[PDB]
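Any read-out appearing in this document is the output of simple, stated calculations on the displayed coordinates, not a laboratory observation. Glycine also receives a Cβ, built like all others from the backbone with ideal geometry; neighbour counts cover every protein chain displayed.
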Amino acid sequence: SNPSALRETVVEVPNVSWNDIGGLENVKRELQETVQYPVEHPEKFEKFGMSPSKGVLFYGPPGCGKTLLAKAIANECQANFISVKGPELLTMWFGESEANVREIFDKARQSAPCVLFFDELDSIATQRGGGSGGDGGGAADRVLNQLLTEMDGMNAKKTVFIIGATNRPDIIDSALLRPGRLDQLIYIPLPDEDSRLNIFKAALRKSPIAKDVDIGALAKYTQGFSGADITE
Amino acid sequence: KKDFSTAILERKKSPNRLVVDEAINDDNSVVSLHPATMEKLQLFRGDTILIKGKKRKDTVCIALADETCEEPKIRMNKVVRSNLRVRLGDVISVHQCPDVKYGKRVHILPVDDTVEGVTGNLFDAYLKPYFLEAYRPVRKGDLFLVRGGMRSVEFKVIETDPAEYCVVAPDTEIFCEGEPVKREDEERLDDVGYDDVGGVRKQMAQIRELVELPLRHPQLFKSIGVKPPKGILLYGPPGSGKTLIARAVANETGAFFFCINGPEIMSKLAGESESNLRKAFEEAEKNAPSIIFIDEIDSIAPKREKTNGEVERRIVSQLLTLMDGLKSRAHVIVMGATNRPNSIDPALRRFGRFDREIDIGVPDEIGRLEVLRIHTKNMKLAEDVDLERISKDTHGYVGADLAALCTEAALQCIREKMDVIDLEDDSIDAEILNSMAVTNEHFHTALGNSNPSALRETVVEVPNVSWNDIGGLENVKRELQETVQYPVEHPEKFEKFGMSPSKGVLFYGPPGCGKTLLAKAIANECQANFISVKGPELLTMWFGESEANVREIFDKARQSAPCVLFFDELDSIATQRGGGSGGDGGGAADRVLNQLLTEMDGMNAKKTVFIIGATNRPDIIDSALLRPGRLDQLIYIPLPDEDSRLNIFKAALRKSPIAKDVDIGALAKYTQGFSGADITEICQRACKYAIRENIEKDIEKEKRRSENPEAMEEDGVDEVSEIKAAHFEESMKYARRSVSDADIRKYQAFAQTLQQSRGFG
Amino acid sequence: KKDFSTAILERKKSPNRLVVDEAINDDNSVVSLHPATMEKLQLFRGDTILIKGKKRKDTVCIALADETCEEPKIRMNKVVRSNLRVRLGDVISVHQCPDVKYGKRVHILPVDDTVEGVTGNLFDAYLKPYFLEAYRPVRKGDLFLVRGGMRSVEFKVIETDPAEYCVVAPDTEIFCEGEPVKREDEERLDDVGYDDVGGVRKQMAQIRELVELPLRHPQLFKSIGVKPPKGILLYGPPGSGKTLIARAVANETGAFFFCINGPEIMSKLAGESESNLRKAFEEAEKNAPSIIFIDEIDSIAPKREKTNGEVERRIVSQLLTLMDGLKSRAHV
Ligand SMILES: Nc1ncnc2c1ncn2[C@@H]1O[C@H](COP(=O)(O)OP(=O)(O)NP(=O)(O)O)[C@@H](O)[C@H]1O
Ligand SMILES: Nc1ncnc2c1ncn2[C@@H]1O[C@H](COP(=O)(O)OP(=O)(O)NP(=O)(O)O)[C@@H](O)[C@H]1O
Ligand SMILES: Nc1ncnc2c1ncn2[C@@H]1O[C@H](COP(=O)(O)OP(=O)(O)NP(=O)(O)O)[C@@H](O)[C@H]1O
Ligand SMILES: Nc1ncnc2c1ncn2[C@@H]1O[C@H](COP(=O)(O)OP(=O)(O)NP(=O)(O)O)[C@@H](O)[C@H]1O
Ligand SMILES: [Mg+2]
Ligand SMILES: [Mg+2]
Ligand SMILES: [Mg+2]
Ligand SMILES: [Mg+2]
């Protein structure tokens, strides 16, 4: 048997927790302030007469756990999580057209609190071409401008955080980094010696590993490896 | 001089105008006038009088005398207030009733909800005991309360003789003949009026002077030798105010009102739509003065390119013919309503047709506050509801959205009481029902769970930003004053010297230096409307409304003069014309460039409209935008210097709990080359660190108390949690400039050589 | 504080609420209440009572006494459980039947699948031997089982007198008049309800507070001075829950329900679609409180850019006019 509603956007609390993510202690510590505090304690910011920012960008090497952090922070705050990929957005215009990005943003509004994650920004957020032209990239330009337009109207909703992820920060459009948009910049580094042990343990937290396997031993030999390589 | 546009709304105080006040008597056919007021009115003790109310409703009562009634008071009872539709504080007028008109019959009938529990002939229990020999004046259509024991039955004046009003002499032979005046008839009483519309005063004044004046006092127009416009077209965001305003004006002007709903016309068979239109117009002409409100006119008269059938173009043509046939000027006005002004067929928007248009746009803060006050005037609000905060927090909310917000607040109030309310029972405890009140937290929750609709529509409002919110930039402000304020406040000054100014400015500089804020500040100083448009928004307009988006924003700016049309983020639309001209992704930048220049060309003749741009990429800015007659003035916004950064920090923290030991000036020295955005993000990081600190402190305190409840609440109490210097140090630890030292000399070079871009490289 | 959104769904435990339990007797017109529960209910041994079930279904039985019935138990038999539509563990309520209403007639008719193998007058074999002088309470619309030997014939309470419920006194002159109660009628019984919808609680709560509250307890809204919304629009992936939820809410709220299927409206000739819409709205207004569920509304009211004909825009306009005409607030 095959499912039918497998392409529809799913608004649900992810099952990922901080445990599934190895290391990144400082990133988690700052994400708590950036997301959880303005949600669980919204009146705190009004007490000090200063509003927070509803935008974050994850940039770093592939396989370092950028998609997992968004899901984990959503799970911590018990907020709905909407996952959107750049490839999916690019086909939306050749389809429902203008009423796809608007629709996902409206769904995020209706599902507040929410964490609207845009994975794989390497395609939609391709830097505005100097020789502006073409319709193949006229879809990246759409998913860029129409997305920024929605970001502008999203800062007044409150309890909605827009998180991005890009493995190509060089081509990321500079407009997305504007205040009122994805202006907070968090760097996800390659795991270090200590982080790789945690990554191995998490990847094998439910594995039949023998009694003679030294998980820490592999960490020394595997340096510069992303978490994806550690899982492979 | 003043702006006389909002002059018709003003109420002219007159000696006959008295303010509403509570009475010393509950008599419904008797009020109490102060002796001095009666002397001004030439009245005497116990004399019948006609009180002019609202919504063309008036009553008749005998005026008594009492010295406690201040001069600006009338001392009417609750029944008279309800009949006149006037709450305490309104300004009614008083006219004499010289024709007391002792009536031979005063038809009286009861209301079903006031009769529940009566087991005897109402004539022998309520009417006759209080009317016989009482000589109580009665006004047709007014509900006077009566009592015949425990039950209180309120009767409407059904049919007097004379028909208008009379005095109930003993000769009034009448009894209660049935119960045909059931309470449900109130749906068509106190329905709509001027007081039921809030947040629109300029539009309302325009409608009143274009509709009510021609129909009530055409003598002015006839003497002046001008024929008033007959076609009015309300348009605006859906749900804003259109259908309400039309009915309110129709009821307040007191003219025959005929409603022609578009769906109702189009839901009938061919040959009945046109028949109904013809009947409506003929009836309006017969019963002049008259008004013909065509709601949802876009359905019966859509754009001819979109309509497909023949029995639709036939209806459009019939409507056009009927409007053309109204030039007889039989005191007939056709008012329209359409949220899609462009979807309307062009033929309607022409002379002899809907040529005058009013935009019922999104309300501002005060308008939303007034709307909320109007809608909550009946709900059981608690004594701690602050509608000012809600109005401030409701941006992009049309009146319908505010009504939905109030309803959601009430529903949330019910949910809180669901624990003590059982749904299985077919009846709910009366005490619980009467104890439900809507609190501020309910409204806040409803607002959080409610979303706005008119948040994408262009907003034409005076910004709240002032020069204080902007740090430094003294020279820029000084030149902006000359460039903008002087040609607006003092337009004749330029004509005195025989030289016209320029209606274009361009802001170029490093990001985060305060280019968007300056436009808003200068608009606020001149009290001129501000229209904010971003390049990303323009690029999607072409893939959409197409040519009629830029034209529409420019037309809106024209209608909203004085105005400051700001185009933020020119880095996209103003991308320099590609040497290898081609492509459709950039074929939208080329559109928003050429079509924008075309509008700029026609905008220099409008006057009092200034087009301001902003670009962080002056290198790619199209050289055409710098032409005279366009954005030719070039103002460079530099990175803030040592002195400017102190002001920026102070402004960012002008409402912050900063401690007493924080040296704002100290940070300025360390932060050099930082834009204002970085200076604000520093404060944001510091505030977040302080939130973490005090969250942990409160958690530790509560856990200390819970780790032995015997530990009492010591004198230690939650403090300001002021932002200590440690938080600022930590923020500066991660703070990083958004403008490099290599990307400032380049801005200086462009400041030198920007306007030279119309030639070669 | 808590999230009060999912508060209407909560069942309020009351002294009159008893949990379902198996009975010591298979009698269909008699249940067994614990003596303490009866004392809380002011009942006595062998007293007729009305049991409030689900889907607006209820039965009437005489409550006996037994100490084995724990306080949160009612000890009903299988037939009563089926009639009430309640499985073991549900929480029904108990109300008294002070008006026993000794009935003059208790119309009884059999079901075809329970009669297979009967060769004698059912009145002289099943009804009279167990009803005469038994004073068994009967509730209209409930299937009580009877036996006259090996075959077990279950009869529905067709038409009592009083109509709602009564007690079968010896004066009840009645016999089995034909077999018009064939078992296939069960397609319209125990069809849908709240318990038949799973996986939606927030949406279900919203629908219940926007539909059932305005129709059953409008006094709250009237006192608060708020007019409840009259238009609700369910949407979601095809096949999710829409048509099921609409019918479930309609049946649970117990209000006149009228279904206007879009294909059915559009499958008829011009002038009959609008006529049917008008008839539906008029009937709903007449029989208020009411609900008008328009399934597949996208067919009768699609986007105006996509619709081509005139007899489709006419139907859309008729629907818009009818909805605009509902501001009378006749509990519709
Ligand atoms: N820090 C980590 N801890 C544990 N597993 C990790 C970590 N980082 C990556 N992984 C594993 O590697 C997979 C891929 O990483 P993911 O979290 O999808 O990163 P990404 O930035 O989305 N990668 P890509 O889309 O390929 O650029 C995860 O789903 C985990 O299985
Ligand atoms: N300015 C206002 N003051 C008070 N109540 C208002 C105001 N504007 C709107 N409302 C309320 O909101 C309702 C909706 O406004 P309505 O007059 O129906 O808007 P509309 O523009 O005719 N809608 P549509 O034809 O659907 O685009 C009104 O009937 C009032 O109940
Ligand atoms: N001179 C200033 N004084 C005070 N605050 C400032 C100043 N300049 C910038 N800011 C702050 O930084 C924010 C961003 O600056 P803004 O006025 O939007 O500049 P911009 O030119 O529109 N930036 P961008 O669109 O990112 O190129 C402002 O909204 C203020 O919060
Ligand atoms: N939540 C549920 N619980 C139990 N059964 C369900 C549920 N949802 C769907 N079903 C079953 O699946 C069937 C299909 O659902 P249905 O109510 O017809 O969906 P729909 O949204 O009306 N379909 P369509 O009009 O074709 O988009 C139902 O009739 C039930 O038999
Ligand atoms: Mg990613
Ligand atoms: Mg309208
Ligand atoms: Mg700018
Ligand atoms: Mg369906």
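In sequence order, what are the phi-derived ³J(HN,Hα) couplings for region A:185-192 according to the Karplus relation 6.51 cos²θ - 1.76 cosθ + 1.60 with θ = phi - 60°, rounded to whole Hz, with x for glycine and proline?
Rounded to whole hertz, the list is 10, 10, 9, 9, x, 5, x, 8.
Let me know the charge dipole size of the protein assembly as shown about its Cα centre in debye, to the nearest 20, where only the beta-carbon of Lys, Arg (+1) and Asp, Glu (-1) is charged.
3560 debye
Return P(r) of region C:263-307 (all Cα-Cα pairs; 5 Å bins starting at 0; whole %; ordered from short to long distances).
Values per bin, smallest distances first: 5, 19, 23, 25, 17, 8, 2, 1.
Just to confirm a number: summing +1 for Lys and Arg and -1 for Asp and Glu over residues other than residue B:162 whose beta-carbon lies under 13 angstrom from that of residue B:162, what do you get?
With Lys, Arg at +1 and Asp, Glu at -1, the net is +1.
What residue among B:435, C:175, B:748 has its Cα farthest toward the positive end of the dipole of the protein assembly as shown, where the charges are +1 on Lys, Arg and -1 on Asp, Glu, each on the Cβ?
Checking the options against the dipole of the protein assembly as shown, the answer is B:748.
Would you compute, from DSSP H runs of 4+ residues alone, the mean residue ellipticity of the protein assembly as shown at 222 nm, taking -39500 (n - 2.57) per run and dividing by the full residue count, rounded to the nearest 500?
So the helix-based figure for the protein assembly as shown works out to -10000 deg cm²/dmol.
Arrange the following residues from fewest to most other Cβ atoms within 10 Å of their Cβ: B:37, B:615.
Least to most surrounded, the residues fall as B:37, B:615.
Tilt of helix B:399-416 relative to the longest C-alpha principal axis of chain B, in degrees (0 to 90, nearest 10)?
Once rounded, the angle reads 80 degrees.
With everything on Cα atoms, drop me the angle between helix C:242-253 and the longest principal axis of chain C, reported from 0 to 90° to the nearest 10.
50 degrees
Just tell me how shielded B:367-374 is by partners: mean number of partner chain Cβ atoms within 10 Å of each residue's Cβ, no decimals.
For peptide B:367-374, the averaged partner shielding equals 0.
Return the distance in nm (one decimal) between the two label points of a simple spin-label model at residue C:133 and residue B:698, each offset 7 Å from Cα along Cα→Cβ.
7.8 nm
I need two numbers for the protein assembly as shown: Rg to one decimal and Dmax as a whole number, Cα atoms only, in Å.
37.9, 120
Taking neighbour counts of Cβ atoms within 10 Å as a proxy for exposure, in what order, fewest first, do B:59, A:222, A:231 appear?
A:231, A:222, B:59
So how much slack lies between residue B:420 and residue B:6, counting 0.36 nm per residue of separation and subtracting their Cα-Cα distance, in nm?
143.9 nm
What is the log10 of I(q)/I(0) for region A:177-221, computed with the Debye formula using one identical point scatterer on each Cα and no solvent, at q = 0.15, 0.22 Å⁻¹?
For region A:177-221 at q = 0.15, 0.22 Å⁻¹, log10 I(q)/I(0) is -0.53, -0.77.
Between B:500, C:82, B:699, whose Cα lies farthest towards the positive end of the dipole of the protein assembly as shown when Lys and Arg beta carbons carry +1 and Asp and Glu beta carbons carry -1, centred on the Cα centre?
Result: B:500, furthest along the dipole toward the positive end.
Sequence gap at least 6, Cα distance under 8 Å: using those rules, report the relative contact order of chain A to the nearest whole percent.
Computed value for chain A: 29 percent relative contact order.
What does the charge add up to near residue B:337, with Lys and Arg as +1, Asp and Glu as -1, over the other residues with Cβ less than 10 Å from its Cβ?
Once all neighbours under 10 Å are counted, the net charge is -2.
For chain B, taking Cα atoms only, what is the radius of gyration to one decimal and the Dmax to the nearest whole Å?
When restricted to the Cα atoms of chain B, Rg and Dmax are 33.4, 103 Å.
Stretched out fully, how many nm does the piece from residue B:190 to residue B:581 gain, at 0.36 nm a residue minus the Cα gap?
Extra length available between residue B:190 and residue B:581 comes to 134.3 nm.
Relative contact order of chain B, please, whole-number percent, based on alpha carbon pairs below 8 angstrom and at least 6 residues apart.
8 percent
Do any GluC sites (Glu not before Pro) in region C:276-328 lie in a DSSP loop with no more than 10 other beta carbon atoms within 10 Å, and if so, which?
Hits after loop and neighbour filter: C:305.
Could you list the GluC sites (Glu not before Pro) in region B:701-734 that lie in coil according to DSSP, counting only those with at most 13 other Cβ atoms within 10 Å of their Cβ?
Within region B:701-734, the qualifying GluC sites (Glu not before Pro) (loop, at most 13 other Cβ atoms within 10 Å) are B:707, B:710, B:713, B:714, B:719.
Hey, what did region B:157-260 get for relative contact order, percent, Cα under 8 Å, at least 6 apart?
Dividing the mean separation by the residue count of region B:157-260 yields 34 percent.
Once the Cα atoms of helix C:202-216 and of chain C are each reduced to a long axis, what angle between those two axes, in degrees from 0 to 90 to the nearest 10, is obtained?
80 degrees
Among A:14, B:659, A:224, which residue has its Cα positioned farthest towards the positive end of the charge dipole of the protein assembly as shown, with +1 placed on the Cβ of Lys and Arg, -1 on the Cβ of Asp and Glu, and the dipole taken about the Cα centre?
Result: B:659, furthest along the dipole toward the positive end.
When a footprinting reagent is the concern and you count Cβ atoms within 10 Å, what order do A:73, B:224, B:621, A:215 take, fewest first?
B:224, A:215, B:621, A:73
Residue by residue through region C:264-281, which ³J(HN,Hα) values in whole Hz follow from phi under the Karplus form 6.51 cos²θ - 1.76 cosθ + 1.60 (θ = phi - 60°), with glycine and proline marked x?
3J(HN,Hα) across region C:264-281, in whole Hz: 5, 6, 7, 7, 9, 5, 4, x, 9, 4, 5, 4, 5, 4, 4, 4, 4, 5.
Taking the alpha-carbon distance from residue B:12 and a cut-off under 15 Å, which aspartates and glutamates remain once sequence neighbours fewer than 8 residues away in the same chain are dropped?
Excluding near neighbours in sequence, the set is B:90.
Figure the gain on full extension for residue B:469 and residue B:19 (residue separation times 0.36 nm, minus the Cα-Cα span) and round it to one decimal in nm.
Extending this stretch completely gives an extra 157.6 nm.
List the residues whose amide H sits under 5 Å from the amide H of residue C:64, counting only those 5 or more places along or on another chain, with H placed 1.01 Å from N in the peptide plane.
C:31, C:32, C:33, C:46
Which FRET efficiency, nearest 0.05, do residue B:486 and residue B:605 yield, Cβ-Cβ r, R0 22 Å?
According to the calculation, E is roughly 0.70.
Where in region B:681-745 are there trypsin sites (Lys or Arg not before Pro) that are in a DSSP coil and have at most 12 other Cβ atoms within 10 angstrom of their Cβ?
Hits after loop and neighbour filter: B:736.
Nearest 5 is fine: what % of DSSP beta bridges in chain C come out antiparallel, could you say?
70 percent
Work out the length of the dipole vector of chain A about its Cα centre, built from +1 on the beta-carbon of each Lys and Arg and -1 on the beta-carbon of each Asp and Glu, and round it to the nearest 20 debye.
340 debye
Compute the signed sum of charges (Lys and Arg +1, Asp and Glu -1) over the other residues within less than 12 Å, Cβ to Cβ, of residue B:655.
My count for the surroundings of residue B:655 gives +1.
Taking the inverse of the average 1/r across all pairs of different Cα atoms in chain C, what Kirkwood radius in Å do you get?
Radius from the Kirkwood sum: 23.0 Å.
Of all DSSP beta bridges in the protein assembly as shown, what percent run antiparallel (nearest 5)?
Antiparallel bridges make up about 45 percent of those DSSP assigns within the protein assembly as shown.
Holding the Cα-Cα limit at 28 Å, pick out from C:57/C:128; B:268/C:227; B:156/B:417; A:44/A:71; B:520/B:606 the pairs that are longer than that.
In this structure, B:268/C:227; B:156/B:417 lie more than 28 Å apart at Cα.
At q = 0.17 Å⁻¹, what base-10 log of I(q)/I(0) does the Debye formula yield for region C:1-96 when every alpha carbon is treated as an equal point scatterer in vacuo?
Rounded to two decimals, the profile gives -0.66.
Take the Cα radius of gyration of region C:200-332 and divide it by 2.2 N^0.38 Å, with N its residue count; two decimals is plenty.
Computed over Cα atoms of region C:200-332, the ratio equals 1.10.
Starting from the 7 Å offset along Cα-to-Cβ, what nm value, one decimal, do you get for the label separation of residue C:311 and residue C:267?
1.6 nm
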